Amino acid sequence: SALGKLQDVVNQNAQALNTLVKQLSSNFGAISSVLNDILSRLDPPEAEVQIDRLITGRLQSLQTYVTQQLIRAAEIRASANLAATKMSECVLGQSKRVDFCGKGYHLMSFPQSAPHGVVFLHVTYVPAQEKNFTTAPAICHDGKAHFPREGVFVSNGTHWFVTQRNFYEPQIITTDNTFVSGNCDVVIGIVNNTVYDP
Amino acid sequence: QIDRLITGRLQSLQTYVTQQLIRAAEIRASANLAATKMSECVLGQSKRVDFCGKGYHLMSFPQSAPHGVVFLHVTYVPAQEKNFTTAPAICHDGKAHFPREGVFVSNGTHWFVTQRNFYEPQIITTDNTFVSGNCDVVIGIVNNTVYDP
Amino acid sequence: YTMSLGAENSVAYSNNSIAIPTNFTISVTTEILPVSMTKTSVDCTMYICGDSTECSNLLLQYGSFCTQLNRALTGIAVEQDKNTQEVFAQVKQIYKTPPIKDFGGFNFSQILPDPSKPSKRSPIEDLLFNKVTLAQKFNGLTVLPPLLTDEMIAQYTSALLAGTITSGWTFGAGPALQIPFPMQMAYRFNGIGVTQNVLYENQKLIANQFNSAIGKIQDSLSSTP
Amino acid sequence: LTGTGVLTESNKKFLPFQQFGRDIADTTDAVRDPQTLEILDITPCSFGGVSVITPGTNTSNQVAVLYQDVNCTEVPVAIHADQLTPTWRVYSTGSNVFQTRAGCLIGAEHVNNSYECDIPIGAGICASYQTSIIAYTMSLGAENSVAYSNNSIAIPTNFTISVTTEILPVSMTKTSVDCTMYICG
Ligand SMILES: *[C@@H]1O[C@H](CO)[C@@H](O[C@@H]2O[C@H](CO)[C@@H](O[C@@H]3O[C@H](CO)[C@@H](O)[C@H](O)[C@@H]3O)[C@H](O)[C@H]2NC(C)=O)[C@H](O)[C@H]1NC(C)=O
Ligand SMILES: *[C@@H]1O[C@H](CO)[C@@H](O[C@@H]2O[C@H](CO)[C@@H](O)[C@H](O)[C@H]2NC(C)=O)[C@H](O)[C@H]1NC(C)=O
Ligand SMILES: *[C@@H]1O[C@H](CO)[C@@H](O[C@@H]2O[C@H](CO)[C@@H](O)[C@H](O)[C@H]2NC(C)=O)[C@H](O)[C@H]1NC(C)=O
Ligand SMILES: *[C@@H]1O[C@H](CO)[C@@H](O[C@@H]2O[C@H](CO)[C@@H](O)[C@H](O)[C@H]2NC(C)=O)[C@H](O)[C@H]1NC(C)=O
Ligand SMILES: *[C@@H]1O[C@H](CO)[C@@H](O[C@@H]2O[C@H](CO)[C@@H](O)[C@H](O)[C@H]2NC(C)=O)[C@H](O)[C@H]1NC(C)=O
Ligand SMILES: *[C@@H]1O[C@H](CO)[C@@H](O[C@@H]2O[C@H](CO)[C@@H](O)[C@H](O)[C@H]2NC(C)=O)[C@H](O)[C@H]1NC(C)=O
Ligand SMILES: *[C@@H]1O[C@H](CO)[C@@H](O[C@@H]2O[C@H](CO)[C@@H](O)[C@H](O)[C@H]2NC(C)=O)[C@H](O)[C@H]1NC(C)=O
Ligand SMILES: *[C@@H]1O[C@H](CO)[C@@H](O[C@@H]2O[C@H](CO)[C@@H](O)[C@H](O)[C@H]2NC(C)=O)[C@H](O)[C@H]1NC(C)=O
Ligand SMILES: *[C@@H]1O[C@H](CO)[C@@H](O)[C@H](O)[C@H]1NC(C)=O
Ligand SMILES: *[C@@H]1O[C@H](CO)[C@@H](O)[C@H](O)[C@H]1NC(C)=O
Ligand SMILES: *[C@@H]1O[C@H](CO)[C@@H](O)[C@H](O)[C@H]1NC(C)=O
Ligand SMILES: *[C@@H]1O[C@H](CO)[C@@H](O)[C@H](O)[C@H]1NC(C)=O
Ligand SMILES: *[C@@H]1O[C@H](CO)[C@@H](O)[C@H](O)[C@H]1NC(C)=O
Ligand SMILES: *[C@@H]1O[C@H](CO)[C@@H](O)[C@H](O)[C@H]1NC(C)=O
Ligand SMILES: *[C@@H]1O[C@H](CO)[C@@H](O)[C@H](O)[C@H]1NC(C)=O
């Protein structure tokens, strides 16, 4: 059932065509479904009534078919616009819109063609094997408050490090992965440690 | 008479069903938009302007309603603006200095470096500035000292 | 009268002057979207003729109009469940919020679920259910019930809310990883080009603004009709 | 005036000169009997649809039957059960009879447990096959509670790379129909 979305369109169109063809076999109130029998077995000035009955029935059937087709083509157009946007935005670039190109953090995408459609293979980075640490918003040293440039402060129980937020890789707290702002009084949660000068 | 009744009742049914199909298509479009907003503004922080909220988007929360959804968009709006004098680069020792991230401002007499969305002036040093070229190309460069720590 | 487009103002443009903000406000705004309608069914034969065999026998010679009418109605009846399930069923698991609600000053009472009352809906969600208001039926008219009850939809929204309050944006991309709330907000400030210290050094003020803003929405919605 | 339906005791109160009563959309729904001066309510006779729940032919051969929005007692009179074959008659009564907000369910047994939805019945009720057809209240997912604290953080130490497919239709067949040959020929 993987390609159900592609198969349903074909099934619906075929079924609509079969219904339209089957409607050619209904009286709609006349004597017969066949024009030849209405013509031979009847008189000219009164066969017109049965002919008109058939005309109205068949014309109405055609009308309903065409209306259904227009309504369905609108939906197909919307789907094709979405597919074009995804091709332009997940394949020719790297996307930041969450859940647009796959599930997770988008890296790249590849297209493949299918009978009346397209298939995208989305490549994604999923984080794994989480561990828990103690953290703090700032570090106090020399009566000054220090914040990290591009990471977080973590502690393995006894020592403090600076790490990037998406992958554990601890490092020594230094005066070049850290910036200073204000004194040690306003931030709530600050802790005491040493900021090694290199 | 029976047939004359049948044709009219059938026509009324046809009209009803067609208009229901149109309305269902419109509701489907609205539901797709709601799903996109739930993905991009509740499960993440959005960068595309005015998609969800007015201002700089911080976060948002969902709530359910009888036949739909309500989003509460929490956003950040700048306020209490003041005006300063600015310059594109600063000349020192025949070298042109540009700010690493921020903008040069002057409170009439002194020159500082600030971030672009909140006024917080600082001393122009060699740590919040980079050098490129000499003092002859840029239009509007000014003279000041670049302190070295 | 003649329509007016808005107020005038000229920006004080110059070639060496700039304007920089010195304060901020935090605002909360509502947006409302419909996602589904009622699943209604109509039986062609019973509506046209109605317990009358002569009329039905007459109707047989019109072909297969009634069958395709019923098919169209059923097709648009299942799409409503599809719509609801696409909007709301976006979480893998059902997250819960901790029993001690200490988030550094922020207060989410009006949006989180109320355990006291039986419906288990948040204080704002209850105003919205009261605000919107309206045994067989003749002629072959029926209404089908939705697949997800209102309780289940509320359970989804509660799960989404707890996940975003507790984990940030991590739960939408992989395993949910915990982060203190004041610290998550600093990375959201950092994400719009404002440094971290501006949140930490103005945290109690910021929290106040947030709370006040939420408190206003309940009124706006209730009073305006 | 003539009709078909169920006549019951009434609670409303005519004025001394009305004969019957209508509602919005002008459908008669109450009447006064000419010989007793009593008001009677009119209700349509029960009608509805019947659906069949199956686990797939290649898996089993059992079924369950749902009679939509009908009180789960008059099913053997609703369908002319005494006219059907003895193999239909086992699906108009039995030990497994369940009343749901969606109707009357015959052939499946209610269970207090909860699973993921397999076949949707409605109003929170699903059904599935566990070797016997069971009907239950669906569950939204596994429970979970993150260990939130005000000085605790979690950080990943490894990663995985995943590939996921997505399928979109872009076009349908180009079809033409010449009206004159279709209608007249
Ligand atoms: C991060 O996760 C990956 C898996 O996605 C880890 O790589 C896996 O490491 C284990 C043990 O080091 C491998 O299992 C063993 O491999 C040996 C060598 O072939 C085999 O003799 C054993 O029977 C057993 O299978 C496993 O193959 C390997 N996975 C892959 C895809 O190479 C990796 O160690 C993790 N990193 C950290 C820091 O935990
Ligand atoms: C936390 O990190 C510190 C710093 O790496 C660890 O301390 C080291 O422990 C090893 C083994 O005991 C020693 O060889 C190193 O000399 C230690 N480092 C220093 C700077 O002395 C510590 O073991 C880690 N774990 C805990 C629980 O503290
Ligand atoms: C972090 O270190 C500072 C500096 O040593 C501590 O400040 C001292 O605290 C003691 C305890 O009250 C006072 O008697 C000293 O006068 C303080 N010194 C200064 C310079 O202020 C501070 O207490 C430490 N923080 C914690 C949580 O222990
Ligand atoms: C512009 O900023 C400068 C630098 O902060 C201001 O100069 C200071 O003025 C105060 C006022 O008492 C003095 O105490 C400081 O010593 C001054 N700083 C220096 C480095 O001299 C200045 O007042 C501000 N305003 C204007 C109009 O220049
Ligand atoms: C900025 O400083 C430079 C260097 O101090 C100034 O350049 C001098 O300009 C005068 C007048 O044209 C010349 O006589 C000097 O020879 C220049 N100095 C050098 C080293 O060539 C420059 O004029 C200053 N800019 C402003 C606006 O005052
Ligand atoms: C930024 O704006 C806030 C208001 O949004 C200011 O806080 C107000 O300050 C006045 C005077 O101190 C108080 O009467 C109000 O009660 C404060 N409001 C709140 C919500 O606390 C704040 O002072 C402004 N900051 C600056 C630097 O001007
Ligand atoms: C979060 O905000 C709500 C709403 O203001 C607070 O609930 C109020 O609490 C006070 C004091 O207990 C009562 O007098 C009010 O009647 C409460 N209002 C409502 C609508 O219940 C709640 O206390 C706040 N949470 C915290 C932890 O302060
Ligand atoms: C219709 O005629 C019958 C025949 O008597 C009436 O029936 C009696 O009605 C009185 C009240 O007027 C009751 O107390 C008797 O018990 C009834 N007996 C029987 C045998 O029906 C009836 O009331 C008449 N109705 C009208 C509207 O005239
Ligand atoms: C991780 O969590 C466990 C229990 O939740 C706790 O005992 C442990 O101390 C935590 N790790 C750190 C580094 O605090
Ligand atoms: C966290 O909560 C504890 C109380 O459980 C408190 O003592 C501590 O100061 C809090 N930490 C921060 C950073 O608010
Ligand atoms: C910009 O600042 C100057 C400072 O001298 C002031 O004169 C001028 O009015 C300001 N422009 C405004 C407020 O539009
Ligand atoms: C701005 O315009 C003035 C004239 O009003 C001119 O003297 C000055 O050089 C201009 N500044 C720049 C940077 O071009
Ligand atoms: C029957 O087919 C379905 C899907 O086609 C499959 O899921 C099921 O396991 C099959 N049953 C048997 C007995 O093979
Ligand atoms: C269903 O029928 C039983 C049998 O009399 C009756 O007791 C019960 O009230 C009915 N319930 C509904 C919902 O029709
Ligand atoms: C299931 O729940 C019902 C409702 O209380 C109870 O009567 C019954 O004993 C429970 N167990 C079983 C096996 O039905």
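Residues 992-1140, in that order, are what chain B shows, numbered as in Swiss-Prot.
The backbone N, Cα and C atoms fix where each Cβ goes, and this holds for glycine too.
Per Swiss-Prot, the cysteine from B:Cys1043, B:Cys1082 that shares a disulfide bond with B:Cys1032 is B:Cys1043. Geometry remark: B:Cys1043 (disulfide bond) versus B:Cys1082 (disulfide bond), CA distance 43 Å. Ranking the recorded positions B:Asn1074, B:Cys1082, B:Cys1126 by Cα distance from B:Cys1032 (disulfide bond) puts B:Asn1074 first.
For the recorded site, B:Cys1043 (disulfide bond), the DSSP three-state label reads coil. Among the recorded positions B:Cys1082, B:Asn1098, B:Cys1126, B:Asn1134, none has a Cβ sitting under 8 Å from a Cβ of chain C. Note on proximity: among B:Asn1074, B:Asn1098, B:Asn1134, the glycosylation sites of the record, the Cα nearest B:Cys1126 (disulfide bond) is that of B:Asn1134.
Within 10 Å of the C-beta of B:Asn1074 (N-linked glycosylation site) we count 12 further C-beta atoms, all protein chains included. With respect to B:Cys1082 (disulfide bond), the closest of these glycosylation sites in Cα terms is B:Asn1134, chosen from B:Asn1074, B:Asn1098, B:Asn1134.
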